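Here is the file upload-v4.pdb (PDB, C-alpha atoms).
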```
ATOM      1  CA  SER A 870     -65.974  58.738 -29.211
ATOM      2  CA  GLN A 871     -66.656  59.321 -32.918
ATOM      3  CA  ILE A 872     -68.515  56.066 -33.496
ATOM      4  CA  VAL A 873     -72.204  56.946 -33.333
ATOM      5  CA  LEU A 874     -74.502  54.498 -31.564
ATOM      6  CA  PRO A 875     -77.534  53.262 -33.523
ATOM      7  CA  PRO A 876     -80.903  53.701 -31.769
ATOM      8  CA  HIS A 877     -81.918  50.036 -31.958
ATOM      9  CA  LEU A 878     -78.486  49.296 -30.497
ATOM     10  CA  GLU A 879     -79.110  52.168 -28.047
ATOM     11  CA  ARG A 880     -82.187  50.417 -26.634
ATOM     12  CA  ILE A 881     -80.135  47.204 -26.489
ATOM     13  CA  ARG A 882     -77.317  49.016 -24.671
ATOM     14  CA  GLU A 883     -79.742  50.665 -22.259
ATOM     15  CA  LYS A 884     -81.392  47.350 -21.357
ATOM     16  CA  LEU A 885     -77.948  45.749 -20.966
ATOM     17  CA  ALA A 886     -76.754  48.726 -18.895
ATOM     18  CA  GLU A 887     -79.822  48.236 -16.697
ATOM     19  CA  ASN A 888     -78.846  44.577 -16.294
ATOM     20  CA  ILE A 889     -75.269  45.681 -15.588
ATOM     21  CA  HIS A 890     -76.448  48.152 -12.963
ATOM     22  CA  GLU A 891     -78.241  45.376 -11.098
ATOM     23  CA  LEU A 892     -74.776  43.838 -10.768
ATOM     24  CA  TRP A 893     -73.431  47.249  -9.717
ATOM     25  CA  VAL A 894     -76.056  47.197  -6.952
ATOM     26  CA  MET A 895     -75.527  43.519  -6.122
ATOM     27  CA  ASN A 896     -71.777  43.796  -5.557
ATOM     28  CA  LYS A 897     -72.470  46.623  -3.077
ATOM     29  CA  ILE A 898     -75.433  44.971  -1.306
ATOM     30  CA  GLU A 899     -73.325  41.938  -0.310
ATOM     31  CA  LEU A 900     -70.691  43.853   1.693
ATOM     32  CA  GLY A 901     -73.208  45.832   3.769
ATOM     33  CA  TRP A 902     -73.579  49.319   2.233
ATOM     34  CA  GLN A 903     -77.232  50.348   2.145
ATOM     35  CA  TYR A 904     -79.396  52.842   0.273
ATOM     36  CA  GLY A 905     -79.820  56.387   1.525
ATOM     37  CA  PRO A 906     -80.260  59.983   0.406
ATOM     38  CA  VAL A 907     -76.805  61.102   1.563
ATOM     39  CA  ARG A 908     -73.563  60.166  -0.189
ATOM     40  CA  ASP A 909     -71.414  58.552   2.510
ATOM     41  CA  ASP A 910     -69.662  55.614   0.843
ATOM     42  CA  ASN A 911     -67.520  55.033   3.939
ATOM     43  CA  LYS A 912     -70.643  55.180   6.141
ATOM     44  CA  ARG A 913     -72.685  52.685   4.061
ATOM     45  CA  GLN A 914     -74.850  55.409   2.489
ATOM     46  CA  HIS A 915     -75.229  55.069  -1.240
ATOM     47  CA  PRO A 916     -78.003  56.589  -3.419
ATOM     48  CA  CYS A 917     -76.818  54.733  -6.536
ATOM     49  CA  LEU A 918     -78.639  51.512  -5.670
ATOM     50  CA  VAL A 919     -81.527  52.547  -7.933
ATOM     51  CA  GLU A 920     -80.987  51.049 -11.399
ATOM     52  CA  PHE A 921     -79.369  52.494 -14.546
ATOM     53  CA  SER A 922     -82.100  54.327 -16.477
ATOM     54  CA  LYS A 923     -84.001  55.392 -13.349
ATOM     55  CA  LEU A 924     -81.044  57.242 -11.777
ATOM     56  CA  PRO A 925     -80.019  60.517 -13.440
ATOM     57  CA  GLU A 926     -76.565  61.672 -14.537
ATOM     58  CA  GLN A 927     -75.937  63.397 -11.210
ATOM     59  CA  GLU A 928     -75.664  60.239  -9.075
ATOM     60  CA  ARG A 929     -74.973  57.220 -11.331
ATOM     61  CA  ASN A 930     -73.088  59.151 -14.050
ATOM     62  CA  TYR A 931     -69.871  57.197 -13.347
ATOM     63  CA  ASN A 932     -71.674  53.989 -14.389
ATOM     64  CA  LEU A 933     -73.693  55.379 -17.329
ATOM     65  CA  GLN A 934     -70.981  57.378 -19.106
ATOM     66  CA  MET A 935     -68.679  54.395 -18.576
ATOM     67  CA  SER A 936     -71.237  52.036 -20.126
ATOM     68  CA  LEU A 937     -71.769  54.256 -23.189
ATOM     69  CA  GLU A 938     -68.073  54.260 -24.098
ATOM     70  CA  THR A 939     -67.655  50.590 -23.166
ATOM     71  CA  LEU A 940     -70.493  49.606 -25.515
ATOM     72  CA  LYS A 941     -69.088  51.912 -28.188
ATOM     73  CA  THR A 942     -65.909  49.863 -27.639
ATOM     74  CA  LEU A 943     -67.877  46.599 -27.744
ATOM     75  CA  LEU A 944     -68.163  46.678 -31.558
ATOM     76  CA  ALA A 945     -65.158  48.889 -32.347
ATOM     77  CA  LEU A 946     -62.205  46.502 -31.792
ATOM     78  CA  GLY A 947     -63.159  44.058 -34.560
ATOM     79  CA  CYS A 948     -65.258  41.977 -32.130
ATOM     80  CA  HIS A 949     -68.462  43.056 -33.854
ATOM     81  CA  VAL A 950     -71.924  42.145 -32.561
ATOM     82  CA  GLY A 951     -74.940  43.770 -34.189
ATOM     83  CA  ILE A 952     -78.609  42.967 -33.743
ATOM     84  CA  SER A 953     -78.647  39.152 -33.686
ATOM     85  CA  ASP A 954     -80.583  38.490 -30.449
ATOM     86  CA  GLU A 955     -82.999  40.135 -27.999
ATOM     87  CA  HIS A 956     -81.910  42.233 -25.024
ATOM     88  CA  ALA A 957     -84.002  41.960 -21.858
ATOM     89  CA  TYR A 970     -77.784  33.686  -5.628
ATOM     90  CA  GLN A 971     -77.050  35.573  -2.428
ATOM     91  CA  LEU A 972     -79.339  36.988   0.242
ATOM     92  CA  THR A 973     -80.124  40.696  -0.006
ATOM     93  CA  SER A 974     -81.919  43.345   2.057
ATOM     94  CA  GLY A 975     -85.163  43.181   0.070
ATOM     95  CA  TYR A 976     -84.230  44.041  -3.519
ATOM     96  CA  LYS A 977     -82.801  40.949  -5.225
ATOM     97  CA  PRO A 978     -82.557  41.891  -8.921
ATOM     98  CA  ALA A 979     -82.706  39.159 -11.562
ATOM     99  CA  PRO A 980     -83.457  40.386 -15.085
ATOM    100  CA  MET A 981     -81.449  37.638 -16.839
ATOM    101  CA  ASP A 982     -78.965  34.778 -16.448
ATOM    102  CA  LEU A 983     -75.176  34.777 -16.148
ATOM    103  CA  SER A 984     -74.102  31.114 -15.853
ATOM    104  CA  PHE A 985     -75.513  29.890 -19.181
ATOM    105  CA  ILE A 986     -72.817  31.194 -21.561
ATOM    106  CA  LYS A 987     -69.210  31.964 -20.659
ATOM    107  CA  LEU A 988     -67.224  34.212 -22.947
ATOM    108  CA  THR A 989     -64.437  34.088 -25.534
ATOM    109  CA  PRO A 990     -60.806  35.291 -25.525
ATOM    110  CA  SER A 991     -61.165  38.779 -27.036
ATOM    111  CA  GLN A 992     -63.797  39.852 -24.487
ATOM    112  CA  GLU A 993     -61.571  39.215 -21.482
ATOM    113  CA  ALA A 994     -58.760  40.655 -23.604
ATOM    114  CA  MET A 995     -60.763  43.814 -24.420
ATOM    115  CA  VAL A 996     -61.560  44.093 -20.700
ATOM    116  CA  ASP A 997     -57.827  44.828 -20.310
ATOM    117  CA  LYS A 998     -58.102  47.746 -22.746
ATOM    118  CA  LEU A 999     -61.192  48.905 -20.838
ATOM    119  CA  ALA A1000     -59.264  48.790 -17.556
ATOM    120  CA  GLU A1001     -56.416  50.675 -19.251
ATOM    121  CA  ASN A1002     -58.917  53.229 -20.575
ATOM    122  CA  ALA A1003     -60.519  53.739 -17.158
ATOM    123  CA  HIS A1004     -57.108  53.907 -15.483
ATOM    124  CA  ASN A1005     -55.911  56.370 -18.114
ATOM    125  CA  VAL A1006     -58.836  58.749 -17.783
ATOM    126  CA  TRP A1007     -58.543  58.426 -13.990
ATOM    127  CA  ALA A1008     -54.825  59.173 -14.265
ATOM    128  CA  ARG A1009     -55.815  62.120 -16.458
ATOM    129  CA  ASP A1010     -57.907  63.090 -13.447
ATOM    130  CA  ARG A1011     -54.827  62.320 -11.322
ATOM    131  CA  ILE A1012     -52.308  64.278 -13.450
ATOM    132  CA  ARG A1013     -52.362  67.590 -11.583
ATOM    133  CA  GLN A1014     -52.955  66.365  -8.029
ATOM    134  CA  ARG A1027     -49.674  67.303  -5.790
ATOM    135  CA  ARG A1028     -48.720  64.440  -3.394
ATOM    136  CA  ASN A1029     -50.258  61.754  -5.605
ATOM    137  CA  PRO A1030     -48.449  58.382  -5.620
ATOM    138  CA  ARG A1031     -50.354  57.406  -8.810
ATOM    139  CA  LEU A1032     -47.833  59.098 -11.133
ATOM    140  CA  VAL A1033     -46.907  55.980 -13.145
ATOM    141  CA  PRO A1034     -48.680  54.475 -16.203
ATOM    142  CA  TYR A1035     -50.994  51.478 -16.541
ATOM    143  CA  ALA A1036     -48.316  49.020 -17.671
ATOM    144  CA  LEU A1037     -46.229  49.542 -14.525
ATOM    145  CA  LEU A1038     -48.622  50.554 -11.723
ATOM    146  CA  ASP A1039     -49.980  47.694  -9.553
ATOM    147  CA  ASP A1040     -52.546  45.834 -11.663
ATOM    148  CA  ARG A1041     -54.334  43.850  -8.928
ATOM    149  CA  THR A1042     -56.786  46.494  -7.655
ATOM    150  CA  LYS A1043     -57.626  47.156 -11.313
ATOM    151  CA  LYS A1044     -58.799  43.542 -11.639
ATOM    152  CA  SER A1045     -62.097  44.366  -9.912
ATOM    153  CA  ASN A1046     -62.862  46.775 -12.764
ATOM    154  CA  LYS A1047     -61.807  43.911 -15.029
ATOM    155  CA  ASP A1048     -64.333  41.665 -13.259
ATOM    156  CA  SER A1049     -67.064  44.306 -13.640
ATOM    157  CA  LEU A1050     -66.394  44.674 -17.380
ATOM    158  CA  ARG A1051     -66.175  40.883 -17.799
ATOM    159  CA  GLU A1052     -69.479  40.364 -15.952
ATOM    160  CA  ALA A1053     -70.942  43.147 -18.097
ATOM    161  CA  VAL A1054     -69.851  41.023 -21.059
ATOM    162  CA  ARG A1055     -71.443  38.022 -19.301
ATOM    163  CA  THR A1056     -74.690  40.023 -19.209
ATOM    164  CA  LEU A1057     -74.085  40.950 -22.887
ATOM    165  CA  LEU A1058     -73.816  37.327 -23.980
ATOM    166  CA  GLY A1059     -76.809  36.574 -21.791
ATOM    167  CA  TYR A1060     -78.585  39.173 -23.921
ATOM    168  CA  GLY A1061     -76.866  37.528 -26.901
ATOM    169  CA  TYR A1062     -73.976  39.750 -28.056
ATOM    170  CA  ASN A1063     -70.737  37.733 -28.204
ATOM    171  CA  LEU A1064     -67.238  39.152 -28.617
ATOM    172  CA  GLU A1065     -64.670  37.618 -30.972
ATOM    173  CA  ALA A1066     -61.997  39.762 -32.629
ATOM    174  CA  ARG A1084     -29.624  48.795 -37.597
ATOM    175  CA  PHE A1085     -27.678  45.528 -37.953
ATOM    176  CA  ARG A1086     -24.014  45.685 -36.920
ATOM    177  CA  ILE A1087     -21.166  43.787 -38.608
ATOM    178  CA  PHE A1088     -18.238  42.270 -36.718
ATOM    179  CA  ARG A1089     -14.856  40.963 -37.860
ATOM    180  CA  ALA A1090     -11.298  40.305 -36.791
ATOM    181  CA  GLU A1091      -8.167  42.007 -38.082
ATOM    182  CA  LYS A1092      -7.360  42.570 -41.746
ATOM    183  CA  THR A1093      -3.769  41.406 -41.482
ATOM    184  CA  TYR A1094      -4.669  37.813 -40.583
ATOM    185  CA  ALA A1095      -6.095  37.098 -44.033
ATOM    186  CA  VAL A1096      -5.371  33.400 -44.400
ATOM    187  CA  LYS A1097      -4.548  32.359 -47.950
ATOM    188  CA  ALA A1098      -3.431  28.734 -47.499
ATOM    189  CA  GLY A1099      -4.262  25.777 -45.327
ATOM    190  CA  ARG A1100      -7.222  24.127 -43.640
ATOM    191  CA  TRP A1101      -8.935  26.236 -41.009
ATOM    192  CA  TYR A1102     -11.934  26.334 -38.692
ATOM    193  CA  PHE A1103     -13.527  28.631 -36.131
ATOM    194  CA  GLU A1104     -16.683  28.419 -34.032
ATOM    195  CA  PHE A1105     -19.588  30.678 -33.142
ATOM    196  CA  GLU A1106     -22.494  30.443 -30.710
ATOM    197  CA  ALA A1107     -25.932  31.811 -31.588
ATOM    198  CA  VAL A1108     -27.891  32.784 -28.500
ATOM    199  CA  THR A1109     -30.927  35.021 -28.923
ATOM    200  CA  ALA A1110     -33.571  35.730 -31.508
ATOM    201  CA  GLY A1111     -32.941  36.636 -35.113
ATOM    202  CA  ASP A1112     -30.371  37.116 -37.887
ATOM    203  CA  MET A1113     -27.052  35.426 -37.168
ATOM    204  CA  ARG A1114     -25.129  35.767 -40.438
ATOM    205  CA  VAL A1115     -21.794  33.957 -40.093
ATOM    206  CA  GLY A1116     -19.160  33.535 -42.754
ATOM    207  CA  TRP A1117     -15.822  34.382 -44.285
ATOM    208  CA  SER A1118     -15.141  37.639 -46.050
ATOM    209  CA  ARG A1119     -12.556  39.338 -48.167
ATOM    210  CA  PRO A1120     -10.850  42.150 -46.228
ATOM    211  CA  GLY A1121     -12.156  44.594 -48.827
ATOM    212  CA  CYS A1122     -15.685  44.088 -47.505
ATOM    213  CA  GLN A1123     -17.531  47.165 -46.341
ATOM    214  CA  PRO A1124     -19.318  47.251 -42.999
ATOM    215  CA  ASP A1125     -20.707  50.537 -44.374
ATOM    216  CA  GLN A1126     -23.361  48.429 -46.138
ATOM    217  CA  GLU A1127     -24.804  45.151 -44.864
ATOM    218  CA  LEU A1128     -23.825  41.644 -45.592
ATOM    219  CA  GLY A1129     -24.325  38.923 -48.147
ATOM    220  CA  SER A1130     -25.321  41.041 -51.122
ATOM    221  CA  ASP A1131     -21.771  41.325 -52.436
ATOM    222  CA  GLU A1132     -18.860  39.288 -53.726
ATOM    223  CA  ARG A1133     -16.586  40.026 -50.766
ATOM    224  CA  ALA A1134     -18.692  38.139 -48.235
ATOM    225  CA  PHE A1135     -19.326  34.372 -48.297
ATOM    226  CA  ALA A1136     -21.759  33.626 -45.490
ATOM    227  CA  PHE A1137     -24.702  31.616 -44.215
ATOM    228  CA  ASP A1138     -27.701  32.803 -42.220
ATOM    229  CA  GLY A1139     -28.238  30.548 -39.220
ATOM    230  CA  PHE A1140     -31.760  31.982 -39.245
ATOM    231  CA  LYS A1141     -34.142  30.973 -42.072
ATOM    232  CA  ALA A1142     -31.698  28.215 -43.236
ATOM    233  CA  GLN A1143     -30.276  29.956 -46.312
ATOM    234  CA  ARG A1144     -26.856  30.973 -47.613
ATOM    235  CA  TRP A1145     -25.634  34.352 -48.817
ATOM    236  CA  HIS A1146     -23.304  35.378 -51.624
ATOM    237  CA  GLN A1147     -24.867  37.578 -54.357
ATOM    238  CA  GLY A1148     -28.199  35.886 -53.678
ATOM    239  CA  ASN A1149     -30.073  33.230 -51.701
ATOM    240  CA  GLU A1150     -30.708  29.486 -51.604
ATOM    241  CA  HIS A1151     -32.067  27.314 -48.795
ATOM    242  CA  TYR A1152     -29.419  25.416 -46.861
ATOM    243  CA  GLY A1153     -29.631  23.306 -43.731
ATOM    244  CA  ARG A1154     -31.736  24.112 -40.682
ATOM    245  CA  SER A1155     -32.399  27.026 -38.339
ATOM    246  CA  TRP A1156     -30.240  27.934 -35.393
ATOM    247  CA  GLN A1157     -31.170  26.918 -31.853
ATOM    248  CA  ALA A1158     -30.739  28.851 -28.629
ATOM    249  CA  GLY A1159     -27.446  27.401 -27.457
ATOM    250  CA  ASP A1160     -25.956  26.182 -30.712
ATOM    251  CA  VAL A1161     -22.290  26.100 -31.705
ATOM    252  CA  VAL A1162     -22.192  26.668 -35.436
ATOM    253  CA  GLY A1163     -18.591  26.634 -36.635
ATOM    254  CA  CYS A1164     -17.122  27.134 -40.122
ATOM    255  CA  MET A1165     -14.364  25.295 -42.022
ATOM    256  CA  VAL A1166     -12.394  26.490 -45.061
ATOM    257  CA  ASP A1167     -10.044  24.709 -47.409
ATOM    258  CA  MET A1168      -7.828  27.261 -49.116
ATOM    259  CA  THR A1169      -5.647  25.201 -51.451
ATOM    260  CA  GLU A1170      -8.893  23.558 -52.409
ATOM    261  CA  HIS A1171     -11.552  26.083 -53.418
ATOM    262  CA  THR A1172     -14.119  24.799 -50.910
ATOM    263  CA  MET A1173     -15.884  25.963 -47.753
ATOM    264  CA  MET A1174     -18.188  23.937 -45.493
ATOM    265  CA  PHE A1175     -20.286  24.992 -42.506
ATOM    266  CA  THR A1176     -21.307  22.769 -39.595
ATOM    267  CA  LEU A1177     -23.717  22.763 -36.652
ATOM    268  CA  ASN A1178     -22.868  20.962 -33.368
ATOM    269  CA  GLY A1179     -20.868  18.391 -35.312
ATOM    270  CA  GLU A1180     -23.662  17.939 -37.842
ATOM    271  CA  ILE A1181     -22.267  19.156 -41.146
ATOM    272  CA  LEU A1182     -25.077  21.309 -42.524
ATOM    273  CA  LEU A1183     -26.516  20.144 -45.806
ATOM    274  CA  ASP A1184     -27.891  21.661 -48.985
ATOM    275  CA  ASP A1185     -30.864  20.326 -50.936
ATOM    276  CA  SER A1186     -28.355  19.503 -53.712
ATOM    277  CA  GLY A1187     -27.036  16.649 -51.560
ATOM    278  CA  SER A1188     -23.778  18.470 -50.781
ATOM    279  CA  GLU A1189     -22.741  19.621 -47.320
ATOM    280  CA  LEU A1190     -20.062  21.978 -48.706
ATOM    281  CA  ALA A1191     -21.707  25.347 -48.124
ATOM    282  CA  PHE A1192     -19.585  27.304 -50.611
ATOM    283  CA  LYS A1193     -17.402  26.024 -53.408
ATOM    284  CA  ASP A1194     -15.120  27.173 -56.218
ATOM    285  CA  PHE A1195     -14.368  30.631 -54.853
ATOM    286  CA  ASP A1196     -11.456  32.826 -55.925
ATOM    287  CA  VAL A1197      -8.268  32.457 -53.900
ATOM    288  CA  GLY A1198      -7.583  36.168 -53.748
ATOM    289  CA  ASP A1199      -6.450  38.327 -50.843
ATOM    290  CA  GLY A1200      -7.402  35.826 -48.159
ATOM    291  CA  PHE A1201     -10.422  35.540 -45.924
ATOM    292  CA  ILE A1202     -11.220  36.718 -42.405
ATOM    293  CA  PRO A1203     -13.986  35.506 -40.048
ATOM    294  CA  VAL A1204     -17.035  37.759 -40.028
ATOM    295  CA  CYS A1205     -20.362  37.689 -38.216
ATOM    296  CA  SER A1206     -23.349  39.999 -38.518
TER     297      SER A1206
END
```

Translate this file's structure into structure tokens.
Amino acid sequence: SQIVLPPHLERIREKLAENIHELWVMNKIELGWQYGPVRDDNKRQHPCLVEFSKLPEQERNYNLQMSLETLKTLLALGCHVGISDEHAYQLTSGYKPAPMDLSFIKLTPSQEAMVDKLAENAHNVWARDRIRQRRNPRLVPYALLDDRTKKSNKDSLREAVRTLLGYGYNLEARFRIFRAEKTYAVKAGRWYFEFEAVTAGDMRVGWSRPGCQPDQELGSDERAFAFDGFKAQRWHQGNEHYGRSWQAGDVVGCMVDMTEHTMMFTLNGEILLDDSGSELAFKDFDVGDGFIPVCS
């Protein structure tokens, strides 16, 4: 609302709203609803078949006050179009309106995408008009109510944009930590366990001292020795790139020598590799109070 319309753009928008109202006549003159003085939309009587500027805001106000906010919205969503151009077949009953063309230029992505916001806006102000009235089955929002009868108002806005580009105005726009028991802290031998990464994001798998804190989060300490399956980097008091990303349906796995001070992480049998030409993910650790499997 608080984007003021320039007057040279106001004459543009009034000509284009005239050439949108000829479509608003033409989609009602095909189905067999004629002009009259009385307002009987179910009985084919419709006094809004006179064009946009010539009808007042007592009959065609639903198409004029819609067009003002829609054209305010035409250069408000980043899809800016200023003054770069000039604003200016079925059988009918006698009035076949043709101010301009429609099948010369088809439109871009953010016009048919902004038509969705226009349909949401119209549905939301209509639902605002449907808030209080009881026995209304329209008491659910735009993103869940049936969106197929709203596609005609998407077609009207998209053909309004077709008229716009005929006139020459285009549109182009926390983390939980998991571990096994403290008493199984292995201090000798050659051990391995496996892990599957399924859905999107941080999978931080490793071996930790039992004195690790799940109070904080992982990797930025000396107790944890881990690798992020996401972003292909390792984690113990810092970062360095290592290996590849995880895949949806991987089996990562982790192996630890304890008599030797080494630790190597795999992926589906492929031993994951560092850019130093060594597949051993962590080396030369302290053989302290043992190490337990941990995943974040």

Evaluated on this file, the PyMOL selection byres ((chain A and resi 1183) around 12) picks out some residues - which ones are they, written as a ChimeraX atom specification?
/A:1137,1142-1144,1150-1155,1174-1177,1180-1182,1184-1192

How far is it from atom CA of residue 1149 of chain A to atom CA of residue 1134 of chain A, in Å with one decimal?
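It comes out at 12.9 Å.
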
Once 8 Å is added on each side, what are the centre and the three edge lengths, in Å to one decimal, of the axis-aligned box enclosing the listed atoms of segment 1105-1123 of chain A? Present them as AutoDock Vina command-line options.
```
--center_x -22.2 --center_y 38.8 --center_z -38.7 --size_x 38.7 --size_y 32.7 --size_z 36.3
```

For segment 953-977 of chain A: contacts at 9 Å, all atoms listed in the file, fewer than 2 positions along chain excluded, given as a ChimeraX atom specification
/A:880-882,884-885,888,891,895,898-899,903,950-951,979-981,1057,1059-1062

Applied to this file, what does the PyMOL selection byres ((chain A and resi 890) around 9) return in terms of residues, put as a VMD selection string?
chain A and resid 885 to 889 891 to 895 918 to 921 932 to 933

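The two atoms in question, atom CA of residue 1000 of chain A and atom CA of residue 986 of chain A, are spaced 22.6 Å apart.
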
Do you know which residues the PyMOL selection byres ((chain A and resi 1110) around 12) returns on this file, as a PyMOL selection string?
chain A and resi 1107-1109+1111-1113+1139-1141+1155-1159

Pick the closest to residue 1127 of chain A from A:873, A:1042, A:1049, A:1088: which is it, counting all atoms listed in the file?
A:1088

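Between atom CA of residue 1198 of chain A and atom CA of residue 1087 of chain A lies a distance of 21.7 Å.
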
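Closest approach to residue 1089 of chain A among A:1203, A:906, A:916, A:1129 is made by A:1203 (distances from all atoms listed in the file).
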
Please write as a PyMOL selection string the list of polymer residues whose atoms come within 6 Å of (-6.9, 35.0, -40.9), counting all atoms listed in the file and keeping to the coordinates of the file.
chain A and resi 1094-1096+1202

Would you write out those residues with C-alpha atoms, as a short mmCIF file (atom, residue, chain, number, x, y, z; two decimals), in the coordinates of the input?
```cif
data_model
loop_
_atom_site.label_atom_id
_atom_site.label_comp_id
_atom_site.auth_asym_id
_atom_site.auth_seq_id
_atom_site.Cartn_x
_atom_site.Cartn_y
_atom_site.Cartn_z
CA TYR A 1094 -4.67 37.81 -40.58
CA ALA A 1095 -6.10 37.10 -44.03
CA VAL A 1096 -5.37 33.40 -44.40
CA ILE A 1202 -11.22 36.72 -42.40
#
```

Using all atoms listed in the file, which of A:949, A:1047, A:1084, A:941 sits nearest residue 993 of chain A?
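Looking at the shortest contact to residue 993 of chain A, the residue is A:1047.
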
Within 10 Å of residue 1204 of chain A, counting all atoms listed in the file, which residues qualify if same-chain residues fewer than 5 places away don't, as number ranges by chain?
A: 1087-1090, 1114-1120, 1122, 1128, 1134-1136

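Look at residue 1101 of chain A: the protein and nucleic acid residues within 9 Å of it, using only C-alpha atoms and passing over chain neighbours fewer than 5 places away, are residues 1096, 1164, 1165, 1166, 1167 and 1168 of chain A.
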
Which one of A:987, A:1034, A:1028, A:1098 sits closest to residue 1051 of chain A if you count only C-alpha atoms?
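Checking each candidate against residue 1051 of chain A, we get A:987 as the closest.
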
Find the spatial neighbours of residue 1171 of chain A, counting only C-alpha atoms, within a cut-off of 8 Å - ignore same-chain residues fewer than 3 positions away - and output them as a ChimeraX atom specification.
/A:1167-1168,1193-1197
